[PDB]
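Each chain, letter by letter, is given below.
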Amino acid sequence: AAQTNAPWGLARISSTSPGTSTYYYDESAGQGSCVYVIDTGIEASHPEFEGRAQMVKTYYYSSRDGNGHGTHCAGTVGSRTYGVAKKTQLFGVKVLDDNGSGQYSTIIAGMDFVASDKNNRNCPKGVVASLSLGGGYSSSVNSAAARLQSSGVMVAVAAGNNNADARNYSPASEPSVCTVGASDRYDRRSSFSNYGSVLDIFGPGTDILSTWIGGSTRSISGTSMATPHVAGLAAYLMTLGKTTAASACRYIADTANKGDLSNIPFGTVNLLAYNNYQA
Ligand SMILES: [Ca+2]
Ligand SMILES: [Ca+2]
């Protein structure tokens, strides 16, 4: 399949080179996989989700995404026009309030919730969780992300927008999950992206167009936007049978575009998520 005039990030993850405009992908598109978006919620009624999104848990008064961030990230995972894995099922877990903020204890609860809830869902191609969130280092946040990964979920987490070493941020610094830095359309590390030895991979993160609340769309930037490219890619590759939840991060690093990024500090991987799609 080919989506013409796709958002630059979708085009980038299906090209060895920057500057293309078509997103090339296998039509299986993540069908049969499930991605939990642990965030501000998902506006599941957005036409871009085609019925494939639903809220499954909220830690606040409503399950409505009053913010947009979670709807944006969910759209990069799996919306029709803006998503990597256009046929995945999306499950929203609202751990962040409508200002985009959330307590670590609630974030941890949402991770534990996903580890259990997946056992009640039919996700034959496997389960991913996208965590476009984070704050300062917390061993209990890292342990919760480690547990979620150990339970059989491919966990992708933002590296953080601090232009600093991700070792000081969580869940970014948990080694066992997939920590995702951000790049821009010219293959530079995004100016805000964290870096460091714990990063596993970069994905498109600057000026990413996706779904927003109110049935709308908008373009925002962050490691939050790069993370769902990787989560969506994992779901896509799991549906293809090329990898598993336990091995998807390593597989994505294995198969990434290597050495294409600029302003990568020595000791940070120079790896950009790539679907290796060949028609
Ligand atoms: Ca290249
Ligand atoms: Ca890792």
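The rules behind each value
Residues numbered from 1 in each chain as written, not as in the entry; some residues may be left out. Chains lettered and ligands numbered in written order. Heavy atoms only, no water. Disulfide = S-S within 2.5 Å. Helix = DSSP H or I, 4+ residues; strand = E, 2+ residues; numbered from the N terminus. Buried < 20%, exposed > 50% of the residue type's maximum accessible area, 1.4 Å probe, protein only. Donors = N, O, S within 2.8 Å, 3.2 Å for Na, K, Ca; no water. Expected span 1.5 Å × (residues − 1). Contact = heavy atoms within 4.5 Å. Core = buried A, V, L, I, M, F, W, Y, C linked by side-chain atoms within 4.5 Å. UniProt positions renumbered as here; feature names shortened; annotations may be inferred. Polar contact = N/O pair within 3.5 Å; in protein donor to acceptor, adjacent residues only side chain to side chain. Axes fitted to C-alpha atoms, helices over the stretch in contact; angles between N-to-C directions. Parallel < 35°, antiparallel > 145°, perpendicular 65-115°, else oblique. Nonpolar A, V, L, I, M, F, W, Y, C, P; charged D, E, K, R; others polar.

- Per the PDB record, the structure was determined using electron crystallography to 1.30 Å resolution.

**Thoughts on the state of the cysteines**
Link 1 in the chain: Overall, the coordinates contain two disulfides when judged by the stated rule.
Link 2 in the chain: Across the disulfide from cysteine 34 sits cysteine 123; the S-S distance is 2.0 Å. The chirality of the disulfide connecting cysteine 34 with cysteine 123 is left-handed, given an S-S dihedral of about -95 degrees. Within this pair, whereas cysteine 34 is found in strand β3 (residues 34-39), its partner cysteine 123 is found in the loop between α3 (104-117) and β6 (127-131), the two being separated by 89 residues in sequence.
Link 3 in the chain: Accessibility expressed as a relative area gives 12% for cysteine 123, which makes it buried.
Link 4 in the chain: Of note for the protein chain: the bonded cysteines, numbered N- to C-terminal, pair according to 1-2, 3-4.
Link 5 in the chain: Free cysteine: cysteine 73, not disulfide-bonded; nearest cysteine sulfur from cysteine 178 at 15 Å.

**Looking at the coordination of the calcium ion (ligand 2)**
Link 1 in the chain: Those donors, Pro175 (O), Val177 (O), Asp200 (OD) and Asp200 (OD), are the protein atoms that reach the calcium ion (ligand 2), and they lie 2.4 to 2.7 Å from it.
Link 2 in the chain: If you list the donors of the calcium ion (ligand 2) from N- to C-terminus, the spacing comes out as P-x1-V-x22-D.
Link 3 in the chain: Relative accessible area serves as the criterion here: at 57%, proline 175 is assigned to the exposed category.

**Digging into the coordination of the calcium ion (ligand 1)**
Link 1 in the chain: Within the protein, the atoms that donate to the calcium ion (ligand 1) are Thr16 (O), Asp260 (OD) and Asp260 (OD), at distances of 2.4 Å. Of this pair, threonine 16 sits in the loop between α1 (8-12) and β2 (23-24) while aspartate 260 is found in the loop between β14 (257-258) and β15 (271-272), placing the two residues 244 residues apart along the sequence.

**So, α3**
Link 1 in the chain: Here α3 is 14 residues long and its end C-alpha atoms lie 20 Å apart, about the 20 Å a rise of 1.5 Å per residue gives.
Link 2 in the chain: By the burial criterion, the buried members of α3 are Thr106, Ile107, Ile108, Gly110, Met111, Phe113, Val114, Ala115 and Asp117.
Link 3 in the chain: On its buried side, α3 packs onto β3, β4 (53-58), β5 (89-94), β6 and α4 (139-150).

**Focus: the nonpolar core**
The nonpolar side chains of soluble globular proteins are, as a tendency, buried together.
Link 1 in the chain: In this structure, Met154, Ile201, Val230 and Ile252 are the most contacted members of the largest nonpolar core, which totals 45 residues.
Link 2 in the chain: No other element matches helix α5 (residues 223-239), which puts 10 residues into this core.
Link 3 in the chain: The contacts of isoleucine 201, once residues within four sequence positions are left out, are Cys178, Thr179, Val180, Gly181, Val230, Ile252, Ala253, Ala256, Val269, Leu271, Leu272 and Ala273.

**Topic: the UniProt feature "active site" in the protein chain**
Link 1 in the chain: The UniProt record marks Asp39, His69 and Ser224 with the feature "active site", using the residue numbering of this structure. Across 186 residues, the annotated set stays spatially compact, with a maximum C-alpha separation of 9.9 Å.
Link 2 in the chain: If you trace the backbone, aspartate 39 turns up in strand β3.
Link 3 in the chain: Taking the relative accessible area as the measure of exposure, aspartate 39 reaches 0% and is therefore buried.
Link 4 in the chain: Setting aside residues up to four positions removed in sequence, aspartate 39 forms contacts with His69, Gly70, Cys73, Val93, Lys94, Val95, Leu96 and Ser132.
Link 5 in the chain: Assignment of secondary structure puts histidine 69 in helix α2 (residues 69-78).
Link 6 in the chain: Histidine 69 has contacts with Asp39, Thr40, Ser132, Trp212, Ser224 and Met225, leaving out every residue within four places of it along the chain.
Link 7 in the chain: One polar contact links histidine 69 to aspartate 39, side chain to side chain, over a distance of 2.7 Å.

**Observations concerning the packing of α3 against α4**
Between two packed helices, both the angle of their axes relative to each other and the distance between the axes serve to describe the pair.
Link 1 in the chain: Where α3 meets α4, the axes come as close as 9 Å, and the angle between the chain directions of the two elements is 10 degrees. Judged by the inter-axis angle, α3 sits roughly parallel to α4. Residues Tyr104, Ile108, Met111, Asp112, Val114 and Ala115 of α3 form the contact with α4, whose participating residues are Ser140, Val141, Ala144, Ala145, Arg147 and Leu148.
Link 2 in the chain: In terms of residue class, the contact of α3 with α4 is built from nine nonpolar, one polar and two charged.

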